[PDB]
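A short write-up of the structure that comes next.
Derivation of every value follows stated rules applied to the coordinates shown; laboratory data play no part. Cβ: placed from backbone, ideal geometry, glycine included. Neighbour counts: every protein chain shown.
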Amino acid sequence: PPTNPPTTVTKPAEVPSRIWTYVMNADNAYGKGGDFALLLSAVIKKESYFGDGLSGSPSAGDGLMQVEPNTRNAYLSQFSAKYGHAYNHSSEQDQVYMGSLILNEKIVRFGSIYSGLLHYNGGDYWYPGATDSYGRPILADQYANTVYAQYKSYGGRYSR
């Protein structure tokens, strides 16, 4: 365990090491000292169970952070400006980079983690009963509760 520098956030045991790498890469791009890696971990756990929880979902092809096709499409130019290359949906690292960028935008725009997660999952106009592009209902408040809780359990230290 003892790392150089001492600040290196440790992977939660249950997070696969391939995933940890994707999310540290994302964390680094946002200068978050490892804490965003922890939040991203919780989000990927919820969204796709690290890629193992999609079998039989109509949104399976949306990958690790479940960003819907019209959403990925809206963010293309911004993705390329931020990371220096065109978004490649076949890249798991890119899928994480994309979900990261959008989630960071919500957290910055709305001004907190909780409300960032809520709107990440439901969009800016989420209301109870709203439905995703697969016609499933969006439980964005429950999502935010669960994901925030999981982030904290992983040792997340913030609320904004």
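Points worth noting:
- Contact order relative to length of the chain, as percent, for alpha carbon pairs under 8 angstrom and 6 or more apart: 20
- Gain on full stretching of the segment that runs from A29 to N145 - 0.36 nm per residue minus C-alpha separation: 39.2 nm
- Helix 92-110 and the longest principal axis of the Cα set of the chain meet at an angle near 80°.
- Tensor-based shape of region 1-70 (alpha-carbon gyration tensor, a/c under 1.5 rounded, otherwise prolate or oblate): prolate
- The chain: angle of helix 17-29 to the longest principal axis, Cα-based, in degrees nearest 10: 90
- The charge dipole of the chain, taken about the Cα centre with unit charges on the Cβ atoms of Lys, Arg (+1) and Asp, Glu (-1), comes to about 380 debye, rounded to the nearest 20.
- Helix 140-153 axis versus longest C-alpha principal axis of the chain: approximately 10°, rounded to the nearest ten.
- Dipole in debye (nearest 20) - region 22-78, about Cα centre, beta carbon charges: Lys, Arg +1; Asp, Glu -1: 60
- Label point 7 Å beyond Cα of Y134 along Cβ direction - residues of region 29-46 with amide nitrogen under 16 Å: 44-46
- Loop-located chymotrypsin sites (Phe, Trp or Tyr not before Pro) in region 92-148 whose Cβ has at most 13 other Cβ within 10 Å (DSSP): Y125, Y134
- Positive minus negative residues near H89 (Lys, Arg vs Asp, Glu; Cβ under 13 Å): -3
- Highest-fluctuation residue, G99, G63, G84 considered, GNM on the chain with Cα pairs under 10 Å: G84
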